[PDB]
Every structure is written in C-alpha cells, then in structure tokens.
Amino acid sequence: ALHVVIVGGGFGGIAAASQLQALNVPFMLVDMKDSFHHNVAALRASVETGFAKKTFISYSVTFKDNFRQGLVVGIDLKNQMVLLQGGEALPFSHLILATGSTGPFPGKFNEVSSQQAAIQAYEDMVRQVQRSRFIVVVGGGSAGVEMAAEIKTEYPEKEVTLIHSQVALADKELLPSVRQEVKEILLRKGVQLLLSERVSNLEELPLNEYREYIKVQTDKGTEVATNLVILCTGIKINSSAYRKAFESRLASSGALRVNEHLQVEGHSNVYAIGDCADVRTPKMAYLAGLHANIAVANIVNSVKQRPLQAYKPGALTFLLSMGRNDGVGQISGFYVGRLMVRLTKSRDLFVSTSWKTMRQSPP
C-alpha cells in the first residue's frame, strides 16, 4: 500500500532514493539513463583527460532491483501510475518529481546512451579543447564563467574569449563583490571578456568541434575568429514527464508550483524537488539534496501522521570555482575567498560526495 516512485535520478533524485533504500521503504527510482551524471564536474570533464569516468555513477550498482531505466512519457493521476516508454506503468502511493533541467552540451547530458558512450563524449570534448588554440565561450553566467576558467587554468597557452550579453557576470542574485571578483579573476588569468554583447549567428555555428576558422558575430558588430565554440547559454526546465498531467500547476518556466512542504500544488502525495520545483532560489544541485531530505521526510511523516517539515531558504550560499586552483563565492550572503572555495569546491568539485552517497568507488 506504500510505494514511492521517483521520476529523475539527478542530485535530488538519488538523494531521495538513497534515503528510502537505507530505510528499506519500497520505492522505485526511474531515470532515462543508466548512470547518474555529476554535472557539477562536467566542465572539468571537458578539459581533463580521463576525468569524465568519475562523473557517471551506475544506478543499478547502487539501487539494484529498485532502479528502472526508462523514459517517463506521462503520469496517470487517476490510477496513480507513472507511464513509461515501452508500456511499463508503475503504481505509486507517493510521487517525487525530480526531472531537473536540460541544456547545451557539455554543461548538461540528457541523452539515453551507454555510460561508455557518455564518457567518450566528454573525452572527445577534451580532444577538441586541446586541439583549439582559440576558444570562444558563449554565455557569461555561472556556467560559462567556470568553463572559461577551466580551459585557461589547464591550458594557459590558449586564447580564451568569453562573450556575455550582460554588463556583469554570474547570477544577479550574487553579492556585487563576488560578481566583480569573478570578472577580476578571469582578467588576471588572461581571459578575454566581451561584455554586453550577444552572439548573433549561433544557429549557423559548428558546436563543440575544432575548426580551422570559425567566424563568431555579435549584435554590436564585433567579429571573433576562433577554432572552437562552446555554449553556456542557459538551461530549460525538463517538464517532459509531467507537463500534460500537471498543466494547470506549472510556472512560466515549466517548473511545478509547490508549498513550503514541497508538495505540488493541489496534491498531498506528489512532491517536486530540485530544478523542476518552482522555488525562488537559484537552480543548485546542493539545494536539490535539501529538497529531497524534506520530501522523503514528509512522505514518512504523512504516513506516520507526524508533523511536516518546511523549506525556509536562508541567505544565499553560492561557490564559483575559478579553475582547480582558484575560486570565489559567498556563504550565507557573505563574501568568501580563494582558500575557502578552492578546498571546498574547486579541488574535487564534490565528486567524492556523490560516490560516497551512491556506495561506490570511482574508477
């Protein structure tokens, strides 16, 4: 009578599934892929040979018969069933939606393929970077800011140009001191910055591939010759699993509206966690884990008739690695410097925590 189905095996998804498995609660983890992607380290995996294999963790090794690789094509609310591509249909007592977001490669990887192929896709990316003396990164958000730093740190000899449509880099919710230091760190590293300029000829450019000559154009008339184009232009909420069933309760972004208990609006046994939840905080893997703690607890609490926890977001903690040897950010809304970020994030990129959570050892 009690059985939880988790749609999405990302940071929030594996956190919910790791908890219920340790509690021996009957659950089912569903992901279209066979491996969890530690995408927080995906940019480093685009620049360091042999590193990508540490960013994919097989679901079945951890969850065994409690994991199901499948594409969720819909959710049957009346019969309380999750509908899979291929006909499989999973009954649930409670449902956690952890579908996350999609984005341009290499920052995100949301294709159904073999772990070997996924790893190879990043190794190919590394070879493209290594071949390119001139590299352009499009999008000066928190992602492309790290992408530019990673390349210039691993390959100081390369000419790296970051093109950003705004006057300042990284998220607007960050302290001005943090955003200014991100700019300064990139400048001290030798990165060329093109601020307040939007790349205007994107749809004609070859992506993630070395070329002898690529002509990059901006809306201000600037033209940048390059060997390689990398996109860090933003993400989109992945609503493919629930868009039809929860149409009326979606935010403008495709995320699901929720109360403080992270229950999806108009429901008591359906929860949304991570990027696909319409919380006002920045889309963070770290926050997806906190959402998962509240979700699994409130399922157990709703069953045990006990009180329900709530999501009260404190001051923003946000760390920007600036290559493996530098960094800047904030903790509870206060500036923190290189020594802090370098040991907390830049060095390992939280890779070891996912492997520890998944009860596996990286290859």
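Rigid core (definition): largest C-alpha set, two forms, superposition within 1.5 Å. Residue positions are given as counts along the sequence shown, with the first one as 1.
- Larger root-mean-square CA separation from the shown form, computed after a rigid core fit of the structures in 5 other deposited structures of this protein, is seen for 287-295 when 287-295 is set against 146-154.
- Greater C-alpha displacement in 5 other deposited structures of this protein (rigid core superposition, RMS over structures and residues), of 82-90 versus 105-113: 82-90.
- For the two regions 38-46 and 66-74, the entry's Cα B-factors average higher over 66-74.
- For the pair 21-29 and 337-345, the mean B factor over Cα atoms is greater in 21-29.
- You'll see in the entry that, of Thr161, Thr99, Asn79, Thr218, the Cα B factor peaks at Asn79.
- Residue set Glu146, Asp275, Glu209, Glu247: peak C-alpha B-factor at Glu247 (per PDB entry).
- Ranked by C-alpha B-factor against the other modelled residues of its chain, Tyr242 falls in the middle third.
- Among the modelled residues of its chain, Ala16 has a C-alpha B-factor that falls in the highest third, as given in the PDB entry.
- Ranked within its chain, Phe105 lands in the lowest third, by CA B factor from the PDB record.
- When the modelled residues of the chain are ordered by their C-alpha B factor, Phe134 lands in the middle third.
- Sort the chain's modelled residues by C-alpha temperature factor and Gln330 lands in the lowest third, per the entry.
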